[PDB]
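Peer 1: Here is the input, now give the coordinates:
(chains A and B)
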There are 2 protein chains.
Amino acid sequence: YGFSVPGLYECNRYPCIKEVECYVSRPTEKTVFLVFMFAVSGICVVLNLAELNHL
Amino acid sequence: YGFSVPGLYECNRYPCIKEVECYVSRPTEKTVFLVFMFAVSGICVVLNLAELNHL
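Peer 2: Residues are numbered from 1 along each chain as shown, chains lettered A, B, ... in the order given. Coordinates below:
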């Protein structure tokens, strides 16, 4: 997924003719959710590594 | 105009986004009309040249 959800998409899949432009819903909220989940998962990873090192 | 009227056109003029496809009305009749007018004009040109040469 990367780190952001763009508001525009360029699509060239059949049956679309040549290349078309499509528009996404709530890109900003989805970006915020993505970043927050990444941060929480990183914290979990750090704590798990600390535990493993302690063992 | 050339010698034919194609049935499809590819257009990339503002405000159209990128390139779009457009469809023409009665391409075959217009092609026939174009060729017929060209032939008649050519006959007229030949006759006029013959007259001028005679003078």
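
Peer 1: mind listing what's buried in the helix or strand harbouring residue A:10?
Peer 2: Residue A:10 is part of strand A:8-11, with elements assigned from DSSP states H and E. For strand A:8-11, a neighbour-count test (16 or more other C-beta atoms under 10 Å in any protein chain shown) marks nothing as buried. For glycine as for every other residue, the C-beta is placed from the backbone atoms N, C-alpha and C.

Peer 1: do the same with stretch A:24-31
Peer 2: So stretch A:24-31, judged by 16+ other C-beta under 10 Å, has buried residues residue A:31.

Peer 1: before we move on, the earlier item: past the strand holding residue A:10, which element shows up next along the chain?
Peer 2: Following strand A:8-11 in sequence order, the next helix or strand is strand A:20-23 (DSSP H and E).

Peer 1: Give the pairing partners of that next one; include direction for each.
Peer 2: strand A:8-11 (antiparallel) (DSSP bridges).

Peer 1: Just checking the distance from the strand it pairs with to the centre of its chain.
Peer 2: Put simply, strand A:8-11 sits 16 Å off its chain's centre (C-alpha atoms, centre = their mean, to the nearest Å).

Peer 1: So which bits of chain A are right by chain B?
Peer 2: When proximity is defined as C-beta under 8 Å from any C-beta of the partner chain, chain A approaches chain B at A:17, A:18, A:19, A:20, A:21.

Peer 1: check contacts around the third one.
Peer 2: What it means is residue A:19. Taking C-beta atoms under 8 Å, 6 or more residues apart in numbering or on different chains, we find residue A:19 in contact with A:10, A:11, A:12, B:18, B:19.

Peer 1: make it 7 Å
Peer 2: Listed by C-beta atoms under 7 Å, 6 or more residues apart in numbering or on different chains, the contact set of residue A:19 reads A:10, A:12, B:18.

Peer 1: Ignoring the adjacent residues along the chain, who's closest to it?
Peer 2: Nearest non-adjacent residue to residue A:19, counting by C-beta to C-beta, 6 or more residues apart in numbering or on different chains: residue A:12, 4.5 Å away.

Peer 1: what about the one you found, how many neighbours?
Peer 2: Residue A:12 has 10 neighbours, counted by other C-beta atoms under 10 Å in any protein chain shown.
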